[PDB]
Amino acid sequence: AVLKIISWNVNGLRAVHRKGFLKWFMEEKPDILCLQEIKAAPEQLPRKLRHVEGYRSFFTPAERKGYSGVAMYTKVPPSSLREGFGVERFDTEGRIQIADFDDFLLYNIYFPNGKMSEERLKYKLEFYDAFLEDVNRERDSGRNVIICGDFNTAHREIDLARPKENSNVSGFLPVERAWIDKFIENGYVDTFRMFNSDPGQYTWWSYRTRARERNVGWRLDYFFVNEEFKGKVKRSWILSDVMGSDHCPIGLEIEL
C-alpha cells in the first residue's frame, strides 16, 4: 500500500491557519502529517485545528508558552506515542514525537538551533547526539525508522544559496555539517537526495528580505529512513509551491 507522509515547520499554527492551512490540508489529504513550531498551547487552538475530520490529532507542547511544540495528524492512530528521548532537558521543549505504526516508527523532530551563543550550539549538538543514540537503539532492535522535521542544518554546500558567507553562522557550521555526516554513516539515508541531484532546492527562506521570491534559501527539512528500509521509499519531494510559512512542506511516499 502507498503511504504519504508530509512534514512542515509551520512557524506558529495559528499563523498558518490564517493563510488557508485547512484548505491545503484537505486538498493534499496525506495519511500522516507532521508539524514543527506550533508555538501555541494546544488547549488554546481553534477547535477546527485540534479536531480535523478523518484525522486523530496529537499535540506535544513545550513548557514555555508561545514557543516550539510539535503536532501529528494521522488517519490511523499509532500503537503508542513517545514524547521524549529519556533525557530531561531535551524532552520538555515539545520537540519530540516518536509514534509507533507497527511497520515503522515515525520520528517527528524539531531540532534546536545554535544561534546567539555557544551554549545554544552545545545544546543543539548534545540534542543531535541524544537523538542519534535513541534512533540507533530502536534500529538495532530491528525496527524501521522514519525521521522527519526541521533539522536546522543544511547538509552540504549544495543545500543553500550562500554557503561561503554562512560557514561561520549556525545552520552551516562545519561541526553541524559534520554531524549529518556521522548520522548518515550510522546507516541512514537523506531520502530526497535519492531522487533529486539538482542544486537550488530549499525548504526555508528568510521572511526578512522576501528571500523566497528570489529562491535564496536553505534546505533544513529532511526525511530520513534507515538504509535497510530505503527500498520501500517510492517518492521524496519538496512541496515548494505551498505557501503560508517561512518553511514549505516536504513529503515522503512509501510502500507497505
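Don't overthink the numbering: it's just position in the shown sequence, from 1. We call the rigid core whatever largest set of C-alpha positions still superposes within 1.5 Å between the two forms.
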*in 5 other deposited structures of this protein, superposed by the rigid core, which stretch departs further from the shown form in CA positions, 94-102 or 113-121?*
113-121
*Report the stretch with the higher root mean square CA deviation, pooled over structures and residues in 5 other deposited structures of this protein, choosing between 24-32 and 206-214 after a rigid core fit.*
206-214
*asked:* I need to verify one thing: averaged over C-alpha atoms only, is the B-factor higher for 18-26 or for 243-251?
replied: 18-26
*Of 217-225 and 44-52, the one with larger mean CA B-factor*: 44-52
_Top Cα B factor in the deposited entry, candidates 119, 150, 83, 129_ = 119
*Name the third of the chain's ranked CA B-factors that contains residue 61, choosing lowest, middle or highest.*
middle
*According to the PDB entry, is the CA B factor of residue 168 in the bottom, middle or top third of its chain, that is, lowest, middle or highest?*
highest
*When the modelled residues of the chain are sorted by Cα temperature factor, does residue 114 land in the lowest, middle or highest third?*
highest
*Name the third of the chain's ranked CA B-factors that contains residue 34, choosing lowest, middle or highest.*
lowest
*Among all modelled residues of this chain, ranked by Cα B factor, put residue 184 in the bottom, middle or top third, i.e. lowest, middle or highest.*
middle
